[PDB]
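As C-alpha cells, one chain now follows by itself in the form deposited in one PDB entry.
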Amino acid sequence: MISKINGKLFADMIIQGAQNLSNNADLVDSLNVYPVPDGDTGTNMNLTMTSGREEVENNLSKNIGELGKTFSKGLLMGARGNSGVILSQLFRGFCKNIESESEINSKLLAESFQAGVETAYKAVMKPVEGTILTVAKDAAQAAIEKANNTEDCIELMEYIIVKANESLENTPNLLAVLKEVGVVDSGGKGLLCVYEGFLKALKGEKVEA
C-alpha cells in the first residue's frame, strides 16, 4: 500500500518511467507513422524525459512540489518533437498542480493527471484524437473515477495503466493512418511506457536497465 507520495517516491517514479521509456525507445520509434513517418517518437520522448530525469537526479528533495518544479524545468528545457513538447506540457500541468505540497494522496495524484491533460490540450493549437492526448485524457478520467474509492496509489496506478492501454489500443479507431498501417499511436505508447515505470517505482521496484 502507498497512501502518500513524497518527493523521493515521485523522483523514483520519474527515474523508473524514464528508464522504461528508454528501454522501449526503439519500439516506439518503429511505430511512428503520424504526422510524418520519420521514425523518431521514441527518441524524441526519451531525450525529453532524460532531461527531466537528469535534473531530478541532481536535485532530489523530500518535498514533492519542489521536486516537481525541478522535473518540470528539465522537461521544458529539453523538449524534442511534437511528442516531447506534449510530454513536457502534460507534466508541467501535473507538477504545477502539486507545487505547494510536500506529499500527495491518491485523489491529488488523479487531479494532477487531469491538470496535465488540460495544460497539454491548451498548448496544442489543433489537437487531434487518437494520439498521446487521447491516451492521457482517458488515463486521467480513469484516475479520477478510481481514486474516489481507492486510497492505495499502487491499485490506482494499476487501474490507470489498464485504462490507458485500452485507450491506446483504440487509437487506430480514431486516426485513419494508424488503422491503415496497423499500429497504435507512438506518442501514446511512449506515455504508457512512462506510466508503467511509475507503477514499478510505487511498488518499490526498479526497471532493468
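Position 1 is the first residue in the sequence shown; the rest follow in order. Residues that one form lacks are left out of the comparison. In this text, the rigid core denotes the largest set of C-alpha atoms whose superposition between the two forms falls within 1.5 Å.
Not on display, but discussed next: the form deposited in another entry.
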Quick check on residue 162: with the core superposed, does its CA move 2 angstroms or more between this form and the one not shown? no
When the two forms are laid on each other by their rigid core, does residue 37 show a Cα shift of 2 Å or more between this form and the one not shown? yes
Any CA movement of 2 Å or more for residue 124 between this form and the one not shown, core superposed? yes
Specify closer or farther for residue 35 and residue 43: how their Cα atoms are spaced in the other form versus the shown form, given a shift of 3 angstroms or more. closer
Residue 118 and residue 39: their C-alpha distance differs by 3 angstroms or more in the other form. Do they come closer or move farther apart compared with the shown form? closer
Considering only residues modelled in both forms, extract each run of at least three consecutive residues whose CA displacement is 2 Å or more throughout between this form and the one not shown after core superposition, in sequence order. 34-39, 124-126
